[PDB]
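The analysis underlying the following values was restricted to heavy atoms, covering all of them including side chains, and did not include hydrogens, waters or symmetry mates. The chains referred to below are lettered A, B, ... by the order of the sequence lines, with proteins before strands, and numbering in each begins at 1.
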Amino acid sequence: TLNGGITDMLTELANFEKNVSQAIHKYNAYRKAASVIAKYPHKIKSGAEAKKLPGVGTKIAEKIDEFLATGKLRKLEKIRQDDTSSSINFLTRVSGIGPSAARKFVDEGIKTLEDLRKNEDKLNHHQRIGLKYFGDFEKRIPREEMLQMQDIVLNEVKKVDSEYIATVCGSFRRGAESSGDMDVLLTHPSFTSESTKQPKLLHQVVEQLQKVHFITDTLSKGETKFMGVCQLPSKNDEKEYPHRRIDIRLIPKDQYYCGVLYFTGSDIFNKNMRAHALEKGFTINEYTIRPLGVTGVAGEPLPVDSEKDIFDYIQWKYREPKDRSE
DNA sequence: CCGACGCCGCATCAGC
DNA sequence: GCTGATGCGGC
DNA sequence: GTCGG
Ligand SMILES: [Cl-]
Ligand SMILES: [Cl-]
Ligand SMILES: [Cl-]
Ligand SMILES: [Cl-]
Ligand SMILES: [Mg+2]
Ligand SMILES: [Mg+2]
Ligand SMILES: [Mg+2]
Ligand code: NA
Ligand code: NA
């Protein structure tokens with residue numbers, strides 16, 4: 001947090017461009033800049049020093065100059081005062097309300113939490129669960145609670161079929177002392193890129209976790225991706241734990257390493273790494289790494305037996321999960 | 001200057 | 001019903 | 001908004 005003021009500034013600018021301007025590349029530009037500055041191991045003392053980092057250019061350098069000189073940014077101050085922009089920014093904090101729905105709601109005069117509750121019939125299902133648990137979803141999850149949740153998921157998955165392997169990813173696997181949610185990668189030997197030998201592989205797991213009242217709501221659910229809500233059990237007389245977002249991703253067993261690379265993140269690390277892959281002539285998704293031909297079409301999956309193999313292909317030194325928190 | 005900016009599952013909608 | 005585009009959130 | 005070519 002050497003430069004927390006600066007990176008906070010860039011994040012709020014990024015959120016503005018995404019939520020209000022719907023300018024996604026500006027959002028990505030600000031987030032890359034914030035990320036490279038949070039990496040930087042000195043207290044930044046000027047915008048020229050910052051412009052030496054990749055992703056910081058002339059515009060951000062000047063903003064950093066204003067911020068260091070005054071402690072504020074007039075642009076953000078103007079944005080914070082505009083009622084319409086502040087309202088759009090707020091509604092996007094509800095899960096399932098993005099920039100488009102937020103501006104549609106505000107255009108219809110729905111601008112506050114109370115407005116949302118009054119108009120819950122204007123929400124799709126995801127948005128309704130996001131409003132229902134609005135306050136809980138803002139809370140972080142201490143790693144100790146993540147540890148308890150991991151124990152439940154892995155033991156309940158083992159009860160369904162001892163051949164499942166569930167791996168907690170996201171920030172948990174990167175070693176964070178708190179997480180925004182719980183990310184679970186699931187494999188089963190009956191589900192490979194070659195064949196799906198058993199139906200209902202994700203559903204069986206989701207159903208078991210609902211059965212024992214760990215999973216409480218569903219935001220979306222398909223054959224390979226579940227997004228919903230869970231809650232640790234509490235003791236007699238004890239306040240309830242907050243409800244938590246849980247994501248479960250069933251990945252073909254022979255594609256585990258690409259999957260766990262993707263699900264470990266961070267999001268900015270994945271963008272950086274996939275971008276670097278393109279410059280080296282490969283393309284990376286959560287299933288495979290493939291070479292790009294001279295015409296730029298993806299060739300056949302390359303063999304992968306470890307996360308490091310993927311690093312090796314694009315000529316990166318290996319980075320432990322704990323060092324992928326960009 | 002200028003294109004290119006990571007890649008994708010699910011929910012929802014338009015158009016047929 | 002399907003297919004294709006769009007919104008959204010995932011890392 | 002930034003940047004490589
Ligand atoms: Cl943009
Ligand atoms: Cl400010
Ligand atoms: Cl793999
Ligand atoms: Cl693929
Ligand atoms: Mg997470
Ligand atoms: Mg996240
Ligand atoms: Mg998640
Ligand atoms: Na720079
Ligand atoms: Na949202």
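Using P as the reference atom, D/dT2 and B/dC7 are 23 Å apart when rounded to the nearest Å. B/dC8 and D/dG1 have their P atoms separated by 29 Å, given to the nearest Å.
Side-chain atoms of A/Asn270 and base atoms of C/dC11 include a donor and an acceptor less than 3.5 Å apart. Below the 3.5 angstrom threshold, one finds no donor paired with an acceptor across the side chain of A/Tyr27 and the base of D/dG1. With hydrogens and angles ignored, no donor-acceptor pair closer than 3.5 Å exists between the side chain of A/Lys26 and the base of D/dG1.
A heavy-atom distance below 4.5 Å is not found between the side chains of A/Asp181 and A/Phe137. In this structure the side chain of A/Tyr30 never reaches within 4.5 angstrom of the side chain of A/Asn15, judged on heavy atoms.
Under the 3.5 Å distance criterion, with hydrogens and angles disregarded, a donor-acceptor pair is assigned to the side chains of A/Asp151 and A/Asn155. Between the side chains of A/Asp309 and A/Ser306, at least one donor-acceptor pair of N or O atoms lies under 3.5 Å.
Put simply, A/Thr224 has a side-chain N or O that comes within less than 4.0 Å of OP1 or OP2 on B/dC10.
Distance from the side chain of A/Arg274 is smallest to B/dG6 among B/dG6, B/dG9, C/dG9.
Judged by the sign of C1'-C2'-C3'-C4', the sugar at D/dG1 is south, the angle being negative.
Stacking here means ring centres nearer than 5.5 Å and ring planes tilted less than 30 degrees, and by that measure A/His126 does not stack onto C/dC8.
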